[PDB]
**Student:** 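Here you go, one structure.
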Amino acid sequence: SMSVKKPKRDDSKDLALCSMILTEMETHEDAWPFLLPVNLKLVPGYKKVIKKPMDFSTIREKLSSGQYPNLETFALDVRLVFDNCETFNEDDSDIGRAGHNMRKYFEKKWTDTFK
Ligand SMILES: O=C(O)c1cccc(O)n1
């Protein structure tokens, strides 16, 4: 609170560390469903069902242009990709399995890098 500050975690390297984690997800072989925005004019249901679409290229653009205030807002957009994937796909499908795999892959890198 006012004039009572908790000790400050060092955040100076967060931009480059997030950028690196994103690079690794972009090159994972199961990233293909998540590389580009879903086409809302061509894909049934998506625009109406998925209220906040997110994809790796949109995250890369936001990261490169100063649109993430901090670590946590970046992790929220990455998790959003995989939450959208669960909402729109059966677990028992190739895309549904790709989402589960990419999420596991992300959270491990997250813990290792920061926790
Ligand atoms: O064909 C599908 O099941 C599909 C298409 C677009 C996005 C998405 O999540 N799934």
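Residues: numbered from 1 along the sequence shown. Just so it is clear, the values below take in all heavy atoms, side chains as well, and ignore hydrogens, waters and symmetry mates.
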**Student:** Between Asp11 and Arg9, is the side-chain contact (heavy atoms from CB on, under 4.5 Å) condition met? List the steps.
**Tutor:** CA-CA 6 Å; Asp11 66 353; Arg9 183 197 162 262; 3.7 Å; yes
**Student:** Fit a plane to each ring of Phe34 and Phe56, take the angle between them on a 0 to 90° scale, and name the class: parallel (under 30°), tilted (30 to 60°) or perpendicular (over 60°).
**Tutor:**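 Because their plane-to-plane angle lies in the 30° to 60° range, the rings of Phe34 and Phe56 count as tilted.
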**Student:** Would you call the rings of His28 and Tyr105 parallel, tilted or perpendicular, where under 30° means parallel and over 60° means perpendicular?
**Tutor:**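 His28 vs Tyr105 ring planes: perpendicular.
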**Student:** For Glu26, enumerate each residue passing the salt bridge (charged side-chain N to carboxylate O under 4.0 Å, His left out) test, keeping only those at least two apart in sequence or located in another chain.
**Tutor:**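 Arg60.
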**Student:** List for me each residue that meets salt bridge (charged side-chain N to carboxylate O under 4.0 Å, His left out) alongside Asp91, sequence neighbours excluded, and say none if there are none.
**Tutor:**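 Partners of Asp91 under the salt bridge (charged side-chain N to carboxylate O under 4.0 Å, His left out) test: none.
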**Student:** What residues join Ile95 in its hydrophobic cluster, counting side-chain heavy atom gaps under 4.5 Å, either direct or through other members?
**Tutor:**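 Result for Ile95 is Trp32.
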**Student:** Name all residues meeting the salt bridge (charged side-chain N to carboxylate O under 4.0 Å, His left out) criterion together with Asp94; count only those two or more places apart in sequence or in a different chain, and write none if there are none.
**Tutor:**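 So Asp94 forms a salt bridge (charged side-chain N to carboxylate O under 4.0 Å, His left out) with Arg97.
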**Student:** Rest of the hydrophobic cluster containing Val4 (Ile/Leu/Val/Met/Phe/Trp/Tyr, side-chain heavy atoms under 4.5 Å)?
**Tutor:**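 Result for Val4 is none, singleton.
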**Student:** Which ILVMFWY residues can you reach from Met20 by hopping between side chains whose heavy atoms are under 4.5 Å apart?
**Tutor:**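 Members besides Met20: none; it forms no cluster.
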**Student:** Which residue pairs pass the salt bridge (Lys or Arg N to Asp or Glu O under 4.0 Å) test when at least one of the two sits in residues 37-59, sequence neighbours left out?
**Tutor:**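 Qualifying pairs: none.
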**Student:** Under the ring-ring contact (aromatic ring centres under 6.0 Å, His included) rule, what pairs show up with a residue in residues 83-103, not counting sequence neighbours?
**Tutor:**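 Those involving residues 83-103 are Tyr46-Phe88.
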**Student:** Please walk me through it: do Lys108 and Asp112 pass side-chain contact (heavy atoms from CB on, under 4.5 Å)?
**Tutor:** CA-CA 6 Å; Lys108 161 85 166 178; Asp112 286 357; 3.1 Å; yes
**Student:** Do other residues, nucleotides or ligands put more than 12 heavy atoms under 6.0 Å from the CG atom of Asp92?
**Tutor:**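 No, CG of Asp92 has 12 or fewer neighbouring heavy atoms, counting only those of other groups under 6.0 Å.
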**Student:** Looking at CD1 of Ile59 and OG of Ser64, how far apart are the two atoms once the value is rounded to the nearest 0.5 Å?
**Tutor:**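 Going from CD1 on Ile59 over to OG on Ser64, the span is 12.0 Å.
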**Student:** Compile the donor-acceptor pairs under 3.5 Å between side chains in residues 71-79 and protein atoms, sequence neighbours left out, one pair per line.
**Tutor:**
{"from": "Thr73", "atom 1": "OG1", "to": "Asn70", "atom 2": "N", "distance (Å)": "3.4"}
{"from": "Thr73", "atom 1": "OG1", "to": "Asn70", "atom 2": "O", "distance (Å)": "2.8"}
{"from": "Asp77", "atom 1": "OD2", "to": "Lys62", "atom 2": "NZ", "distance (Å)": "2.7"}
{"from": "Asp77", "atom 1": "OD2", "to": "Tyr68", "atom 2": "OH", "distance (Å)": "2.6"}
{"from": "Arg79", "atom 1": "NE", "to": "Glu107", "atom 2": "OE2", "distance (Å)": "2.7"}
{"from": "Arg79", "atom 1": "NH2", "to": "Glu107", "atom 2": "OE1", "distance (Å)": "2.9"}

**Student:** Just jot down the side-chain hydrogen bond (donor to acceptor under 3.5 Å, both in side chains) partners of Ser1, sequence neighbours excluded, or say none.
**Tutor:**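 None.
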**Student:** Go through the structure and list residues passing side-chain hydrogen bond (donor to acceptor under 3.5 Å, both in side chains) with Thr87, not counting sequence neighbours.
**Tutor:**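 Result, side-chain hydrogen bond (donor to acceptor under 3.5 Å, both in side chains) vs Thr87: none returned.
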**Student:** Check side-chain hydrogen bond (donor to acceptor under 3.5 Å, both in side chains) between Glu86 and all other residues, then give those that pass, not counting sequence neighbours.
**Tutor:**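 For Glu86, the residues satisfying side-chain hydrogen bond (donor to acceptor under 3.5 Å, both in side chains) (neighbours in sequence not counted) are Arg103.
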